[PDB]
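> Below: the sequence, then the experimentally determined structure.
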Amino acid sequence: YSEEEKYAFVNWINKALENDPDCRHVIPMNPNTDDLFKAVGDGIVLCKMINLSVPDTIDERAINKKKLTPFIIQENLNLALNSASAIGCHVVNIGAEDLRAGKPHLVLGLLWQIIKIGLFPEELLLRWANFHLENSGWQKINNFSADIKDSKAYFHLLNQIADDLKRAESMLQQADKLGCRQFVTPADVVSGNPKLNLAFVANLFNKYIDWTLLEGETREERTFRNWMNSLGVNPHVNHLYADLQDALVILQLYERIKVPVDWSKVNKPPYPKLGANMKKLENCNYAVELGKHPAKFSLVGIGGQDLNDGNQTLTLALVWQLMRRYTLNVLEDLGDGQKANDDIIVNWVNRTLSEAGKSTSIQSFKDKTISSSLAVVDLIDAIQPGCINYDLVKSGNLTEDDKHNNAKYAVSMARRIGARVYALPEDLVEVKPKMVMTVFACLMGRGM
Amino acid sequence: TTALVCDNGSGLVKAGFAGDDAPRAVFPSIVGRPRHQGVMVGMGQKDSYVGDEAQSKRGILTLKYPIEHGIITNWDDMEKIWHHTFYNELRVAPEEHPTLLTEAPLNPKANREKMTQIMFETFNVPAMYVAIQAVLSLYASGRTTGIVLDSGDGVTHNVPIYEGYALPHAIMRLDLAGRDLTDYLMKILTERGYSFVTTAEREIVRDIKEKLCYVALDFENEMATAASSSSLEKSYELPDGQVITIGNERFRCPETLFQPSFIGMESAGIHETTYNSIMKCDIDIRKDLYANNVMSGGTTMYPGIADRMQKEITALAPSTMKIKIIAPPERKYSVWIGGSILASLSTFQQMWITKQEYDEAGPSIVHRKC
Ligand SMILES: Nc1ncnc2c1ncn2[C@@H]1O[C@H](COP(=O)(O)OP(=O)(O)O)[C@@H](O)[C@H]1O
Ligand SMILES: [Mg+2]
């Protein structure tokens, strides 16, 4: 029949009683042996359990060094069971007489007290903690109160994401970075108390798109920088006249307006310390040549040295034209052929919003009803039903200043669903008709 | 949290979850104390034995029964008994698990109050409940109408229940279930050259009663058969090695239930008690009472208790309509099974005796919550 039934109980008792690691010299230390019954019946664990907080107590070798003579081994059991004042053997039925040998039910009843007294949105930020639990490959704990019941899986994944008052340091080490150690009791941390764990994990990873105003920068340059940042340039363009001197970003933008680029003639960003300026000038010259003949640009008096030297006028004259082709392509690929119009694309939002039904309808891009982000957020979830998220929306209680926040909120997830929106929130806050048109053009791209 | 159901009894105490069909706590309810001298160091360090820990060492120890017919006298040993029953056979924390308690009827308020305080003070209970054993045993048979004869080790009560309603004026209590039977057997065993005085032999006597004694159909015919023939002679093997053989004192012990004159008490037998309870009920509900006689407790498992009871009630019947005796196989755990079934219900979760209400109510909270 059954030769084994309860090796898992050894591991359970280990994970429960690691409050006092000194008990592991009596109970099995996770190797699922059977040393527990005889020595626990002698009450050695009761004297050991005090070592939870302070080791300065009854020592294992001081109370018993096995002067239990080869006939009478009857002295250790009562000597160690009399020290059961700690935790308390709530089973007062049992005496040291029966515990001399031990019984299953009696040992379980005493272990009940041992376990009992031995131990004293949220998901969007919890996933930013669970991302690392994947490692090579395994499931995700989610919160410490959701999936894990005992310490088995938690310790197993701790091996990759590395006294309960000190065993809680395992969970708190990812919290000790910002000093959030206290206010979560270790007893509840090990017990997996839900409410304490949800907020603790959530508020930790809340700080785990750039919308700032520089000291000197025109709105035109801000629009340029935001457009290239939103289009997916390999570097992070922070200054137009300091990041485009290598003409690499311009080349990256070239293929996105359907201009072929031969990368075999392009010097890689790793530049030798000798002749690097010559390589950058060559790159600028090649960019100008690619923009002139096959791309048909109007750049009079513009050379490679101007882009290399960061001439602001000629660089702006190139970037604004680059967006001219980009917007032309965005408005052309939506139609059957080489046609682009505004009245055909203005009633699309009025027609597709009738599928669900909401009180948002605009006449044109110059309407003042799009001053707030209600119109764009009303459409942003029409295509994708999974992005309702009206938690941060404002309707009827919006002032001039507070609609910047919801404008940014509506713009941010446009790239989440798939609209490659390169629009500054300010251009949507105002009634600039040229660029909210680009917003709707990018919306139609994912829409149909 | 899963509900807990504990069935306390003078001889056997039961415990388990709510919903389980099988009991967990199977142990005699006895108390033993050391009484010999230890010449070797390290011994004599125990206050009181409880249950099988004394059963396994019934030579050098005494036997104490703190439960005297459902009456709780010494609560120091009862603390040990409840600690044995709960943690050794549940392993769950009563501090966050509801526990359903059992209590014999016609119990003075002091006993119920003290067992309530013990739960609410010695333990830290979130929500408790106390129920009658007879009422709980009705749910084991799957019926809600009819009398239930609950006969444990020292408690024998009859609580007639009609369509869920019970009659307080038809509830009585008899203190003859298993303990006075054991005393009668150990007294009459001395007529065959045997000695039974100390309690060390009480468990052996109880086992002999459980495996030999049986309720006879006709007592006079059994006397004639035992005196004339020697066919009903069965032997027992004593643990020490001697062999005993009893043939007449087998069916004499169970006959004390029907004939109380053997132990010398003015009360009636078990067969007349249910008839008197029925007579105390309405005349339009006796139809549901004659055909519904659910048996329970530790006493009514003798080989021939159902037929004898049926014959006794038929002799008491006006010869109008049929008598039905229900004897389920799980008569030892009918109370516990019924309590588990009742606590498993969704309705039963809304009248447990919570601690917050007890804190401002006081000690009498069980009296109107149960
Ligand atoms: N099979 C049996 N036949 C006769 N008597 C029995 C049998 N089993 C137990 N008893 C007697 O009944 C008593 C046990 O009652 P108990 O189990 O405490 O009742 P309850 O189940 O109501 O608590 C003991 O005296 C025991 O001798
Ligand atoms: Mg009972």
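That came in fine, so what should we check first? Numbering: from 1, shown residues only, chains lettered A, B, ... in the order given. Ligands and ions are numbered 1, 2, ... in the order given.
> hey, let's count contacts and neighbours off CA atoms from now on
Noted.
> Distance check, the residue in the stretch 51-200 of chain B positioned nearest to ligand 1 against residue A:442.
Taking CA to the nearest ligand atom, ligand 1 has its nearest neighbour within the stretch 51-200 of chain B at residue B:152, 3.0 Å off. Distance, residue B:152 to residue A:442, using CA to CA, to the nearest Å: 83 Å.
> For residue A:346, give me its contacts.
Shown in contact with residue A:346 (CA atoms under 8 Å, 6 or more residues apart in numbering or on different chains): A:362, A:363, A:364, A:365.
> helix/strand/coil for the closest residue to residue A:368 other than its chain neighbours?
Excluding its sequence neighbours, the residue lying closest to residue A:368 (CA to CA, 6 or more residues apart in numbering or on different chains) is residue A:431, at 6.4 Å. What DSSP: H, G, I helix; E, B strand; the rest coil gives for residue A:431 is coil.
> Residue A:431 contacts residue A:372, correct?
No: counting by CA atoms under 8 Å, residue A:431 does not reach residue A:372; the two are 9.6 Å apart.
> Look at these two and report which has more neighbours.
A count of neighbours by other CA atoms under 10 Å in any protein chain shown puts residue A:372 above the other of residue A:431 and residue A:372, at 24 against 18.
> Tell me which residues touch the more buried one, please.
A:398, A:403, A:406, A:407, A:428, A:429.
> count of residues packed around the second one?
This points to residue A:403. Count around residue A:403 with other CA under 10 Å applied: 23.
> how many other residues sit next to residue A:377?
Neighbour count of residue A:377, defined by other CA under 10 Å: 23.
> That one looks like it's in a helix, true?
Yes: using three-state DSSP, the assignment for residue A:377 is a helix.
> Excluding chain neighbours, what is closest to it?
What sits nearest to residue A:377 in space, not counting adjacent residues and going by CA to CA, 6+ apart, is residue A:410, at 5.6 Å.
> Now name the helix or strand holding the one you found.
helix A:403-417 (DSSP states H and E).
> so where do the strands sit in the stretch 151-300 of chain B?
Ranges of strands within the stretch 151-300 of chain B are B:156-162, B:165-166, B:172-174, B:234-237, B:243-246, B:293-296, based on DSSP state E, counting those that start in this stretch.
> Three-state assignment for residue A:78, please.
Assignment for residue A:78 (three-state DSSP): helix.
> Now do the same contact list for the residue lying closest to it once chain neighbours are set aside.
Leaving aside its chain neighbours, residue A:78 sits nearest to residue A:96 (5.9 Å; criterion: CA to CA, 6+ apart). Shown in contact with residue A:96 (CA under 8 Å, 6+ apart): A:41, A:42, A:77, A:78, A:81, B:45, B:46.
> Give me the buried entries from those residues.
Buried members of those, scored by 16 or more other CA atoms under 10 Å in any protein chain shown, are A:41, A:42, A:77, A:78, A:81, B:46.
> Surely the second one touches residue A:78?
Right, the one you point to is residue A:42. Yes: using CA under 8 Å, residue A:42 is in contact with residue A:78, at 6.9 Å.
> about what we covered before: who's more crowded, residue B:152 and residue A:442?
Per other CA under 10 Å, whichever of residue B:152 and residue A:442 has more neighbours is residue B:152, with 29 against 23.
> Settle this for me: the more buried one is touching residue B:298, isn't it.
Yes: here residue B:152 reaches residue B:298: they are 4.6 Å apart, a contact under CA under 8 Å.
> what do the two both touch?
By CA under 8 Å, 6+ apart, residue B:152 and residue B:298 have these common neighbours: B:177, B:178.
> What is the neighbour count of the one residue in the stretch 1-150 of chain A that gets nearest to ligand 1?
Nearest residue of the stretch 1-150 of chain A to ligand 1: residue A:93, at 18.6 Å (CA to the nearest ligand atom). For residue A:93, the count of nearby residues is 25 (other CA under 10 Å).
> Fine by me, we can end here.
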